[PDB]
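Everything on this sheet refers to the single structure shown next.
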Amino acid sequence: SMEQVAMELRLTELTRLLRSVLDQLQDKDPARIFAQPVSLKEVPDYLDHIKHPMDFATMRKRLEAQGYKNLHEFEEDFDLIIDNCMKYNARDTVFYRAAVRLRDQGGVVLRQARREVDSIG
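Going by the numbering used here, the first residue of the sequence shown is number 722, and it counts up by one from there.
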């Protein structure tokens with residue numbers, strides 16, 4: 722149908738918007754602490770602590786498979802990156818501190834993307 726195509730045009734444009742958002746969020750992590758999954762070879766107990774691991778490479782695979790239906794699902798994944806880190810790592814670690822800074826700095830980007838997604842529909 723003509724409708725399913727118009728739908729697919731918007732999903733593709735949402736994917737296009739979310740890709741830009743993802744790049745902006747990931748620039749707030751210059752140390753690349755959140756770039757890749759936590760290694761289960763190097764942290765073998767990780768899944769006993771964190772039940773839904775997340776990282777920017779994993780979010781990027783989902784994004785390019787147009788696996789995000791709306792901004793809310795995307796934010797959920799971003800929030801996992803942050804909240805997992807803040808549980809697993811203690812307050813006085815470079816890791817916890819990197820998460821706080823990413824949360825704080827990402828807020829501004831996410832605030833405007835919400836306005837943009839409501840605005841462009």
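Positions of the beta carbon are idealized from the N, C-alpha and C atoms, including for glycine.
Check, Outcome
"In chain order, what residues of the same chain have a beta carbon less than 6 angstroms from the beta carbon of residue 798, not counting five sequence neighbours either side?", "775, 780"
"Would a C-beta distance cut-off of 8 angstroms place residue 823 and residue 841 closer than the cut-off?", "no"
"For residue 795, which residues from the same chain have a beta carbon less than 6 angstroms from its beta carbon, with the 5 sequence-adjacent residues on both sides left out?", "739, 789"
"Does DSSP classify residue 805 as helix, strand or coil?", "helix"
"Residues in the same chain with beta-carbon distance under 7 angstroms from residue 732, minus the five sequence neighbours each way, listed in chain order, please.", "787"
"Suppose the cutoff is 7 angstroms on Cβ atoms and the five residues either side in sequence are ignored; what does the same chain contact list for residue 835 look like?", "792"
"Measuring only the C-alpha atoms, how far is residue 812 from residue 819?", "10 angstroms"
"Assuming the contact rule is C-beta atoms closer than 8 angstroms, residue 754 and residue 816 should be a hit. Round their C-beta distance to whole Å, please.", "6 angstroms"
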